[PDB]
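Below is one structure, written out as C-alpha cells; comments come after it.
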Amino acid sequence: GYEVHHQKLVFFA
Amino acid sequence: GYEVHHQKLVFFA
Amino acid sequence: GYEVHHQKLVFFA
Amino acid sequence: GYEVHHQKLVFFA
Amino acid sequence: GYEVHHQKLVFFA
Amino acid sequence: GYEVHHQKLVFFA
Amino acid sequence: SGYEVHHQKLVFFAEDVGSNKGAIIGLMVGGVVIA
Amino acid sequence: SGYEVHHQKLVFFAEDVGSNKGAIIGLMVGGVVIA
Amino acid sequence: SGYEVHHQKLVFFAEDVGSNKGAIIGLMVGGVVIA
Amino acid sequence: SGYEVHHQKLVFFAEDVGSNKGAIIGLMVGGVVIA
Amino acid sequence: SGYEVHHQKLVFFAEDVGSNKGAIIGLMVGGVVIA
Amino acid sequence: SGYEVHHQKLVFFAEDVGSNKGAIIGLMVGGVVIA
Amino acid sequence: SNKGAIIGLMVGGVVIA
Amino acid sequence: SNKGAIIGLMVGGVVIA
Amino acid sequence: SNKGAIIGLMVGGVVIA
Amino acid sequence: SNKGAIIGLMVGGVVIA
Amino acid sequence: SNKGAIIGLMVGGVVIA
Amino acid sequence: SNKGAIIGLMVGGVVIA
C-alpha cells in the first residue's frame, strides 16, 4: 500500500 | 492497506 | 485494512 | 578579661 | 583583654 | 589588648 | 511479524512556558565551595 | 518481518518559552571555589 | 526484512524562545578559582 | 556597645564525601523538552 | 561601638571529595529541546 | 567606631577533589536544540 | 551479556531490541 | 558482550538493535 | 565486544545496529 | 529605599550595613 | 523602606544591619 | 534609592556599606 503523511500550518494574522 | 496520518493547525488571529 | 490517524487544531482569536 | 578559644585534632594512624 | 584563638591539626600516618 | 590568632597543620607521612 | 510504532503529537504553547524570567538560580552538581 | 517507525510532530511556541530573561544564574559542575 | 524510519517535524517559534537576554551567568565546569 | 562575632571550624573529610562517582544525573530547572 | 568579625577555618579533604568521576550528567537551565 | 573583619583559612586537598575525570557532561543554559 | 536494552534514564524515545 | 543497546541517558531518538 | 550501540548521552537522532 | 542589605542567595560571606 | 536585612536564602554567613 | 548593598548571589566575600 501507499503511505502518505503530511502536515499543514496555516497561520493568518 | 494504505496508511495515512496527517495533522493541521489553522491559527487565525 | 487502511489505518488513518490525524488531528486538527482550529484556533480562532 | 581575656577570651581564648582553640581546638586540636591529633590524628594518629 | 587579649583575645587569642588558634587551632592545630597534627596528622601522623 | 593584643589579638593573636594562628593555626598549624603538621602533616607527617 | 513486523514491528510498527506510530507517533503523532501536536503541541501549542502560549506566552512563556517553562521560563526562568527574573529568577535567581544557584546550582551545584559536585564540586567544592569553601566560602 | 520489517521494523517501521513513523514520527510526526507539529510544534508552535509563543513569545518567550524556556527563556532566562533577566535571570541571575550561578552554576557549577565540579571544580573548586575557595572564596 | 527492512528497517524504515520516517521523521517529520514542523516547528514555529515566536519572538524570543530560549534566550538569555539581560541575564548574568557565571558558569564553571571544572577548574579552580582562588578568590 | 560593640558587635563581636567569633567563628572557628576545623573540618576533616575522608576519601570521597559528597561525590557523584558513577552516577547518572538528569537535571532540569525550567526549559522545555519535547521528546 | 565597633564591629568585629573573626573567622578561622582549617579544612582537610581526602582523595576525591565532591567529584563527578565517571558520571553521566545531562543538565538544562532554560532552553528548548525538540528531539 | 571602626569595622574590623579578620579572615583566616588553611586548606589542604588530596588527590582529585571536585574533578570531572572521565565524565560525560551535556549542559545547556538557554538556547534551542532541534534534533 | 545482553540481547536487549539497558537504559539508565529515558525520556521519550523508541528502543527496539 | 552486547547484542543490544546500552544507553546512559536518552531524550527522544530511535535505537534499533 | 559489542554487536550493538553504546550511547552515553543521546538527544534525538537515529542509531541502527 | 534601603538602609540595609537585600540578598537573594548567600553562601558564607560577611555583609555589614 | 528597610533598615535591616531581607534574605531570600542564606547558608552560613554573617549579616549585621 | 539605596544606602546599602543589594546582592543577587554571593559566595564568600565581604561587603561593607
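Every chain is named by a letter (A, B, C, D, E, F, G, H, I, J, K, L, M, N, O, P, Q and R) in the order it is written, and numbering of its residues begins at 1.
Quick note on the criterion: contacts are C-beta pairs under 8 Å (C-beta built on N, C-alpha and C of every residue); 3 or more make two chains touch, one makes a residue touch a chain.
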Exercise. Which pair, K-O or M-N, has more C-beta contacts?
Worked result: M-N
Seminar exercise, completed: Among H-K, J-K or G-L, the pair whose interface repeats that of H-I, with over half of its contact pairs matching by residue number, is J-K
Problem set entry | Centroid distance [mean C-alpha coordinates] between subunit I and subunit G, Å | 10
For this session: Take the average of all CA coordinates in subunit A, do the same for subunit G, and state the distance between these two points in whole angstrom.
Result: 28
Exercise. Using mean CA coordinates as chain centres, what's the subunit K-subunit L distance in Å?
Worked result: 5
Exercise. Among the residues of subunit M, which are close enough to touch at least two other chains?
Worked result: 8-9, 11-14, 16-17
Exercise. Subunit B: which residues touch two or more other chains?
Worked result: 1-13
For this session: Enumerate the contact residues on subunit E facing subunit K in the complex.
Result: 5, 7, 9, 11
Exercise. What residues of subunit K sit close enough to touch subunit O in their complex?
Worked result: 24, 26, 33-35
Seminar exercise, completed: So, in the complex, the side of subunit K touching subunit E is made of residues 6, 8, 10, 12
Exercise. Which residues of subunit M touch subunit N in their complex?
Worked result: 1-17
Exercise. Where on subunit E does subunit D make contact in their complex?
Worked result: 1-13
